[PDB]
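First up is the structure itself, then whatever we jot down about it.
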Amino acid sequence: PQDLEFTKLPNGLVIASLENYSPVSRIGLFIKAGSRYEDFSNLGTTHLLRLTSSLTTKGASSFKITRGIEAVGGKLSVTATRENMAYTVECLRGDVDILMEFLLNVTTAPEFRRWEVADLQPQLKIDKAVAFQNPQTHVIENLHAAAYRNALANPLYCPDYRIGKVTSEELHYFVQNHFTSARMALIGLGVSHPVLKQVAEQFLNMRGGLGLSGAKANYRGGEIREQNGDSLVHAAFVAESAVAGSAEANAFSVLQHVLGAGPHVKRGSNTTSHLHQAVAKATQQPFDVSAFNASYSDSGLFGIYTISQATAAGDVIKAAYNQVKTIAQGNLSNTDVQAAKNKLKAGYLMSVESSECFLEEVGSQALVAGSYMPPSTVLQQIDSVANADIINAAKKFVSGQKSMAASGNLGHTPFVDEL
Amino acid sequence: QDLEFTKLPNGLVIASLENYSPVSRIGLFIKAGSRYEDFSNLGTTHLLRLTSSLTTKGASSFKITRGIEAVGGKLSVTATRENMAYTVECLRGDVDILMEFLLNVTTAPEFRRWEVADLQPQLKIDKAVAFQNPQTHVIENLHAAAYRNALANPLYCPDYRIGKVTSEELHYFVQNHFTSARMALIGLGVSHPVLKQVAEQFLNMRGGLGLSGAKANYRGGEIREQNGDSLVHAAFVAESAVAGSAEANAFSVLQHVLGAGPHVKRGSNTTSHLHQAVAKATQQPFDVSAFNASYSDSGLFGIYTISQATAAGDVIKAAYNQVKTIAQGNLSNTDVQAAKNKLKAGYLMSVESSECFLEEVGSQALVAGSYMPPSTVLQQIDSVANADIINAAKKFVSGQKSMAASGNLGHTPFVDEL
Amino acid sequence: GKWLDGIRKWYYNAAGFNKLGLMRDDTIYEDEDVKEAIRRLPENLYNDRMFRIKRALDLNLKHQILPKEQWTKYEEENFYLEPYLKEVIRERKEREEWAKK
């Protein structure tokens, strides 16, 4: 009706429904499988696995799946982060059942016929290329490769050498060892609870709970420098932060919103953002500075991401770095802290507004926690963060070992040694 | 007879020998190299050594190629990170034509833009064939991960610079680095008076110095190349002493103690401590050597290992331990003498071939200006003592490491772990 | 059963493709479904089929026959192309059935 109900089935499948009364029903299966669960042997498997949503299954054919999904008018999509993988299917209210069946066949019995896998292999390169069109994704992938030495270092996109050599046996092994009931969660927004129970009864018989879950994501203060011909260099230097779901993680988030994460006025450099003001007096050419912040189950990463002209590159980063140092020194007023807390609360609510992002958030927190955290609790938690905690987070970032990844001309970008 | 490093008034160091071999060999060694280029013109030298046969101001490309072929001689260009040599080999009575060709190629090249554009695709093929052996690729990544300013510049143009090397950059590099004081003319078969004459032909060469810069600052960085190769090649290094120093001799003797290369066909390298250690470390086929490079500004002594991925770490660890044992002082006198014999024999046997002798003389002329006879080299090698070798091992063990690896990389330790 | 098996064995021996070292699936006409079924064959089976067909062509060019010992045996024949061809035909019929609705 108005509140969702997290329910853990005896199999281990956390099932939750909301009944939003929207004309479009939306059901997502969030598996705890991700790129971090790959190893050196099967590197890049999850990319193809995400690209094999429409392949033929044991219970339904590829043609049948595609044509049925189109004719119903719904859509099945796969969204993969470094830890979780979501199969989200959106349809009309009276068209759930059919598509739901498809979902089951895509996740429980996905027979990877090798010829279909080979035919899909070339699309890996195209998807990687189109994703890398945005420089931020490329630099962030290099940063993860240069910051961790284990799980989180595994790239989201298939490596170039693995593009044509992902055998279907690897896909089957990954699905069997990771797509299991205790590592999955079914979340339905439009669907009423009993219908979700009925559809999850199909998932009640699956692989055994708690599949392979290894690696600890050990930190590594490494670097990855690209040396491209681009006039504009984009770099990111980051230090270890708190794990996801911790008070210190909230402190780091409030710190990033103090520094500045995105524009709030179109066509206008953020007057309140300390980083933008600091870099503006450092370099006059067009730039863009943000406080990158990622939180994971085992670790976290907080740092500065800057896009600026190569000839001034170093200056920019130094300026940005210096700004954080000042907050580490203790120079942190209360007005900008309250402004950043307002920004964070508003951003969280705005993200939760859209039904897709609400479903993603509910699925993620169901996978990690298993108990729903209402937005009021999130607001209370962020309000709990104090100035001393923010200064401690900034001090930890300044003191900790740093990993940097840059892309561009790289003729003036300092190394992490002299950062 | 003996060489005499006569220096011309402009600065061109001219040396001549009188080996009565029927092939006369001439070599123009310029102090230009990949280290002398920067981020703006990265990869220029790689194309520069491929433009030897392009048309010049005084001779055409067709004329150069056909004349060199018809004479029967060969014009080749060798390049390292510091020096660039134009070596021309001909018959005794066919020196003037090829010497004029050399003059035109070096002093007054005319980089026609269409010719440069047509030559640029050859860069990809040359880089690919040169990267066929893993050693060169790993050493290039090692230089990129060890230095940060000068020696980090690759010998082969980066992929992004393959199709964008304008002829203006080539002209700028030539006229800022191919200058008289940074060059040396060496003639083996050529008698000294004609060598003086061709040097006089070279007399009006650019200016009297170049845009020498940078200092090759050292970074303890690492480059990891995740590949599907079953075999993994790793190379972890520490900054040794500059070239032409007693400590450089100590590091070379240390590398020959560790084992630089095989000495018996299909041999097990019984003397090589590294091979013996890795043999008990891992049973699958391996290959361990003590990489050692010396330069004017800095140096790099380290361990290069080709092993199986699943054993990679183990292998390098064993190798590392060996040097550590020598650092502790467990260095007897017999193996020291064996390594000194190996070094002296290797140097003298390398000097045998006229090409390598010419290269050695050119390098010495560029960096010293006075020829160092092999007897003095042997004396300097013998001067190295056990304590100096222990000090070199201690410097390697205590110094900041820079490592480059390629392969499966599922078990290779990082720089901090190594 | 037994009578039908005897007639089938007689027909297999009468049809001369076993004399040339061929199997039954090598003889099937190469239409679009068979082309895709061949494309779906594993590399080892594809190479074996290619060599058997080439050897049969070479024998036919020589107007010779493989020795009686080397003839394919009806009781020891593999229908390797049957599953792939049946799957391709099933997919095509599914597409047609959808396209007629």
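The way I read the labels, and the way they are meant: chains A, B, ... in the order of the structure tokens, residue 1 as the first residue of every chain, and ligand 1 as the first ligand shown, with later ones counted on from there.
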For stretch 33-47 of chain C: contacts at 8 Å, only C-alpha atoms, fewer than 5 positions along chain excluded, given as an NGL selection string: (:A and (115)) or (:C and (28 or 80-81 or 84-85 or 88-89))
Suppose we keep N, CA, C and O atoms; can you now write the selection as an mmCIF file, in the first residue's frame?
data_model
loop_
_atom_site.group_PDB
_atom_site.id
_atom_site.type_symbol
_atom_site.label_atom_id
_atom_site.label_comp_id
_atom_site.auth_asym_id
_atom_site.auth_seq_id
_atom_site.Cartn_x
_atom_site.Cartn_y
_atom_site.Cartn_z
ATOM 1 N N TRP A 115 27.489 -20.902 -29.665
ATOM 2 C CA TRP A 115 27.436 -20.100 -30.884
ATOM 3 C C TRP A 115 26.817 -18.732 -30.617
ATOM 4 O O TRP A 115 27.295 -17.715 -31.134
ATOM 5 N N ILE C 28 23.748 -34.799 -46.534
ATOM 6 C CA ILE C 28 22.541 -33.983 -46.551
ATOM 7 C C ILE C 28 22.759 -32.751 -47.419
ATOM 8 O O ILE C 28 23.871 -32.212 -47.505
ATOM 9 N N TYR C 80 25.680 -36.682 -35.927
ATOM 10 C CA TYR C 80 26.153 -35.489 -35.232
ATOM 11 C C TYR C 80 25.378 -34.241 -35.636
ATOM 12 O O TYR C 80 25.177 -33.345 -34.809
ATOM 13 N N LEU C 81 24.947 -34.155 -36.891
ATOM 14 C CA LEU C 81 24.255 -32.968 -37.375
ATOM 15 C C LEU C 81 22.767 -32.968 -37.051
ATOM 16 O O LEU C 81 22.116 -31.929 -37.208
ATOM 17 N N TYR C 84 21.662 -30.342 -34.114
ATOM 18 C CA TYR C 84 21.799 -28.958 -34.552
ATOM 19 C C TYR C 84 20.777 -28.614 -35.629
ATOM 20 O O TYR C 84 20.145 -27.551 -35.578
ATOM 21 N N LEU C 85 20.588 -29.504 -36.609
ATOM 22 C CA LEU C 85 19.618 -29.230 -37.663
ATOM 23 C C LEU C 85 18.200 -29.189 -37.113
ATOM 24 O O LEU C 85 17.398 -28.340 -37.520
ATOM 25 N N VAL C 88 17.762 -25.845 -35.415
ATOM 26 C CA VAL C 88 17.625 -24.752 -36.375
ATOM 27 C C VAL C 88 16.237 -24.765 -37.003
ATOM 28 O O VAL C 88 15.594 -23.717 -37.151
ATOM 29 N N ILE C 89 15.753 -25.950 -37.382
ATOM 30 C CA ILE C 89 14.423 -26.060 -37.974
ATOM 31 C C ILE C 89 13.355 -25.659 -36.964
ATOM 32 O O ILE C 89 12.362 -25.012 -37.315
#
Out of stretch 100-237 of chain A, which residues get helix (DSSP H, G or I) from DSSP, as an MDAnalysis selection string? chainID A and resid 100:107 114:131 135:147 160:162 168:178 181:183 193:203
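Every residue of stretch 51-222 of chain B with a DSSP assignment of strand (DSSP E or B), taken from the backbone, is listed as residues 56, 74, 75, 76, 77, 78, 79, 84, 85, 86, 87, 88, 89, 90, 91, 109, 147, 183, 184, 185, 186, 187, 218 and 222 of chain B.
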Near stretch 241-253 of chain A, counting only C-alpha atoms, which residues have an atom at most 10 Å away, once you skip same-chain residues fewer than 5 positions from it, shown as a short mmCIF file (atom, residue, chain, number, x, y, z; two decimals) with N, CA and C atoms, in the first residue's frame?
data_model
loop_
_atom_site.label_atom_id
_atom_site.label_comp_id
_atom_site.auth_asym_id
_atom_site.auth_seq_id
_atom_site.Cartn_x
_atom_site.Cartn_y
_atom_site.Cartn_z
N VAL A 258 30.46 19.19 1.12
CA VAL A 258 31.13 20.43 1.49
C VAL A 258 32.08 20.87 0.38
N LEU A 259 32.90 19.94 -0.11
CA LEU A 259 33.83 20.25 -1.19
C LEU A 259 33.09 20.62 -2.47
N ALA A 261 30.12 18.40 -5.26
CA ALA A 261 29.98 17.19 -6.07
C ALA A 261 29.37 17.43 -7.44
N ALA A 291 34.35 16.14 -5.84
CA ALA A 291 34.81 15.25 -4.77
C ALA A 291 34.23 13.87 -5.04
N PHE A 292 35.02 13.02 -5.67
CA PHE A 292 34.60 11.65 -5.93
C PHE A 292 34.50 10.87 -4.62
N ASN A 293 33.42 10.11 -4.48
CA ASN A 293 33.20 9.33 -3.26
C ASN A 293 32.45 8.06 -3.61
N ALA A 294 33.05 6.91 -3.32
CA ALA A 294 32.43 5.61 -3.50
C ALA A 294 32.55 4.82 -2.21
N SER A 295 31.49 4.09 -1.87
CA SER A 295 31.48 3.27 -0.67
C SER A 295 31.09 1.85 -1.05
N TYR A 296 31.77 0.87 -0.46
CA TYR A 296 31.54 -0.53 -0.76
C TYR A 296 31.41 -1.31 0.55
N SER A 297 31.09 -2.60 0.42
CA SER A 297 30.91 -3.44 1.60
C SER A 297 32.22 -3.62 2.35
N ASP A 298 33.33 -3.80 1.63
CA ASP A 298 34.61 -4.08 2.26
C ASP A 298 35.51 -2.85 2.40
N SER A 299 35.31 -1.82 1.59
CA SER A 299 36.21 -0.67 1.60
C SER A 299 35.48 0.54 1.05
N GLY A 300 36.24 1.61 0.81
CA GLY A 300 35.69 2.86 0.31
C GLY A 300 36.80 3.71 -0.26
N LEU A 301 36.40 4.74 -1.00
CA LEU A 301 37.35 5.58 -1.72
C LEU A 301 36.82 7.00 -1.76
N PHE A 302 37.57 7.95 -1.19
CA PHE A 302 37.21 9.36 -1.25
C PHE A 302 38.38 10.15 -1.83
N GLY A 303 38.11 11.01 -2.80
CA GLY A 303 39.18 11.72 -3.44
C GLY A 303 38.67 12.86 -4.30
N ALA A 340 25.82 21.78 3.08
CA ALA A 340 26.16 20.48 2.50
C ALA A 340 25.21 19.39 2.97
N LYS A 341 24.80 19.44 4.24
CA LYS A 341 23.83 18.47 4.73
C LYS A 341 22.50 18.62 4.00
N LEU A 344 22.97 17.08 0.55
CA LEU A 344 22.98 15.62 0.56
C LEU A 344 21.57 15.07 0.76
N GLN A 365 19.93 -1.90 -0.66
CA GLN A 365 19.93 -1.99 0.79
C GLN A 365 19.30 -3.29 1.28
N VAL A 368 22.44 -5.68 0.96
CA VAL A 368 23.51 -5.48 1.94
C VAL A 368 22.98 -5.64 3.37
N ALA A 369 21.85 -5.00 3.68
CA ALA A 369 21.34 -5.00 5.04
C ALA A 369 20.27 -6.06 5.27
N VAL A 378 17.55 7.81 7.19
CA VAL A 378 18.72 8.33 6.49
C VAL A 378 18.94 9.80 6.82
N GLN A 381 20.39 10.02 10.25
CA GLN A 381 21.79 9.61 10.27
C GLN A 381 22.70 10.70 9.72
N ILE A 382 22.31 11.34 8.61
CA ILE A 382 23.14 12.40 8.06
C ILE A 382 23.15 13.61 8.99
N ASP A 383 22.02 13.92 9.63
CA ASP A 383 21.99 15.00 10.60
C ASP A 383 22.85 14.69 11.82
N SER A 384 23.06 13.40 12.11
CA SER A 384 23.89 13.02 13.25
C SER A 384 25.34 13.45 13.05
N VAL A 385 25.82 13.43 11.81
CA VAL A 385 27.21 13.78 11.52
C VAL A 385 27.50 15.19 12.02
N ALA A 386 28.61 15.33 12.74
CA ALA A 386 29.03 16.59 13.33
C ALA A 386 30.26 17.13 12.62
N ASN A 387 30.62 18.37 12.96
CA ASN A 387 31.77 19.02 12.34
C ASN A 387 33.06 18.27 12.65
N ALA A 388 33.20 17.79 13.89
CA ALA A 388 34.41 17.05 14.26
C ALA A 388 34.56 15.79 13.43
N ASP A 389 33.46 15.09 13.16
CA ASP A 389 33.52 13.89 12.34
C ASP A 389 33.95 14.21 10.91
N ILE A 390 33.44 15.31 10.36
CA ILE A 390 33.82 15.73 9.01
C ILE A 390 35.31 16.07 8.96
N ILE A 391 35.79 16.78 9.98
CA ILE A 391 37.21 17.13 10.03
C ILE A 391 38.06 15.87 10.18
N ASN A 392 37.58 14.89 10.94
CA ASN A 392 38.29 13.62 11.06
C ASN A 392 38.36 12.91 9.71
N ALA A 393 37.27 12.92 8.95
CA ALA A 393 37.27 12.29 7.63
C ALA A 393 38.26 12.98 6.70
N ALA A 394 38.27 14.32 6.71
CA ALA A 394 39.22 15.05 5.88
C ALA A 394 40.65 14.76 6.30
N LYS A 396 41.73 12.01 7.70
CA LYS A 396 42.04 10.66 7.25
C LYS A 396 42.38 10.65 5.76
N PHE A 397 41.62 11.39 4.96
CA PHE A 397 41.93 11.47 3.53
C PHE A 397 43.31 12.08 3.31
N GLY A 400 46.11 9.46 4.67
CA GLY A 400 46.20 8.12 4.12
C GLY A 400 46.96 8.06 2.81
#
Give me, as a count of residues only, all polymer residues having an atom no more than 10 Å from stretch 91-93 of chain C, counting only C-alpha atoms and skipping those fewer than 5 positions away in the same chain. 9
With only C-alpha atoms counted and 8 Å as the cut-off, give the residues of chain A in contact with chain B, each with its shortest interatomic distance in Å and the pair that gives it, as CSV.
residue,atom,partner,partner_atom,distance
A:40,CA,B:410,CA,5.5
A:41,CA,B:410,CA,7.9
A:161,CA,B:227,CA,6.4
A:162,CA,B:228,CA,7.6
A:222,CA,B:222,CA,7.5
A:223,CA,B:221,CA,7.4
A:224,CA,B:223,CA,7.6
A:228,CA,B:160,CA,6.5
A:229,CA,B:160,CA,6.6
A:409,CA,B:39,CA,7.2
A:410,CA,B:39,CA,7.7
A:411,CA,B:39,CA,5.8
A:417,CA,B:219,CA,7.9
Now that the selection is made, can you save its residues with N, CA, C and O atoms as an mmCIF file, in the first residue's frame?
data_model
loop_
_atom_site.group_PDB
_atom_site.id
_atom_site.type_symbol
_atom_site.label_atom_id
_atom_site.label_comp_id
_atom_site.auth_asym_id
_atom_site.auth_seq_id
_atom_site.Cartn_x
_atom_site.Cartn_y
_atom_site.Cartn_z
ATOM 1 N N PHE A 40 41.330 -13.544 -11.609
ATOM 2 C CA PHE A 40 42.191 -13.393 -12.775
ATOM 3 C C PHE A 40 41.810 -14.359 -13.890
ATOM 4 O O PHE A 40 42.008 -14.050 -15.070
ATOM 5 N N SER A 41 41.273 -15.529 -13.541
ATOM 6 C CA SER A 41 40.973 -16.537 -14.555
ATOM 7 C C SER A 41 39.817 -16.107 -15.452
ATOM 8 O O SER A 41 39.922 -16.167 -16.684
ATOM 9 N N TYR A 161 41.985 -8.031 -24.035
ATOM 10 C CA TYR A 161 42.468 -9.368 -24.355
ATOM 11 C C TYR A 161 41.417 -10.442 -24.106
ATOM 12 O O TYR A 161 41.481 -11.507 -24.728
ATOM 13 N N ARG A 162 40.452 -10.188 -23.225
ATOM 14 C CA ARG A 162 39.399 -11.149 -22.923
ATOM 15 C C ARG A 162 38.153 -10.961 -23.774
ATOM 16 O O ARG A 162 37.171 -11.680 -23.568
ATOM 17 N N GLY A 222 48.729 2.540 -5.811
ATOM 18 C CA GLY A 222 49.342 2.548 -7.122
ATOM 19 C C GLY A 222 48.843 3.684 -7.998
ATOM 20 O O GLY A 222 48.000 4.491 -7.612
ATOM 21 N N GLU A 223 49.388 3.733 -9.212
ATOM 22 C CA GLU A 223 49.023 4.751 -10.183
ATOM 23 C C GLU A 223 48.816 4.109 -11.546
ATOM 24 O O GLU A 223 49.382 3.056 -11.847
ATOM 25 N N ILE A 224 47.988 4.757 -12.362
ATOM 26 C CA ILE A 224 47.825 4.396 -13.765
ATOM 27 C C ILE A 224 47.755 5.678 -14.582
ATOM 28 O O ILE A 224 46.754 6.402 -14.542
ATOM 29 N N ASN A 228 47.708 10.292 -23.153
ATOM 30 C CA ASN A 228 47.016 10.448 -24.422
ATOM 31 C C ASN A 228 47.366 11.798 -25.042
ATOM 32 O O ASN A 228 48.108 12.602 -24.474
ATOM 33 N N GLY A 229 46.830 12.048 -26.230
ATOM 34 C CA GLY A 229 47.011 13.306 -26.919
ATOM 35 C C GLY A 229 45.966 14.352 -26.615
ATOM 36 O O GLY A 229 45.972 15.415 -27.244
ATOM 37 N N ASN A 409 47.328 14.646 -21.801
ATOM 38 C CA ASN A 409 48.692 14.930 -22.232
ATOM 39 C C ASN A 409 49.704 14.551 -21.156
ATOM 40 O O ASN A 409 50.806 14.085 -21.469
ATOM 41 N N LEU A 410 49.352 14.760 -19.886
ATOM 42 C CA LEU A 410 50.160 14.320 -18.744
ATOM 43 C C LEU A 410 51.577 14.886 -18.792
ATOM 44 O O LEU A 410 52.544 14.221 -18.416
ATOM 45 N N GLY A 411 51.706 16.125 -19.254
ATOM 46 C CA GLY A 411 52.998 16.776 -19.246
ATOM 47 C C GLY A 411 53.285 17.592 -18.013
ATOM 48 O O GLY A 411 54.427 18.009 -17.803
ATOM 49 N N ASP A 417 53.514 10.506 -5.773
ATOM 50 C CA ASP A 417 54.620 10.717 -4.844
ATOM 51 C C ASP A 417 54.698 12.171 -4.395
ATOM 52 O O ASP A 417 54.799 12.459 -3.197
#
Atom CA of residue A:362 to atom CA of residue A:71, distance in Å rounded to a single decimal: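 Between atom CA of residue A:362 and atom CA of residue A:71 the gap works out to 28.7 Å.
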Exercise: residue A:189 partners within 10 Å, only C-alpha atoms, chain neighbours under 6 positions left out, as a PyMOL selection string: chain A and resi 4+16-22+24-28+90+196+355-356+358-359+362
Non-local contacts of residue B:207 (8 Å; only C-alpha atoms; under 6 positions in same chain excluded) as a PyMOL selection string: chain B and resi 179-181
Tell me which of C:68, C:90, C:100, C:24 sits closest to chain A, counting only C-alpha atoms.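 Under the stated criterion, the closest residue is C:90.
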Calculate how many Å separate atom CA of residue B:112 from atom CA of residue B:173, rounding to one decimal.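 Between atom CA of residue B:112 and atom CA of residue B:173 the gap works out to 15.2 Å.
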Contacts of residue A:159 within 10 Å, only C-alpha atoms, excl. fewer than 5 positions in-chain, as a list in words: residues 43, 44, 45, 47, 124, 125, 128, 154 and 164 of chain A; 226 and 227 of chain B
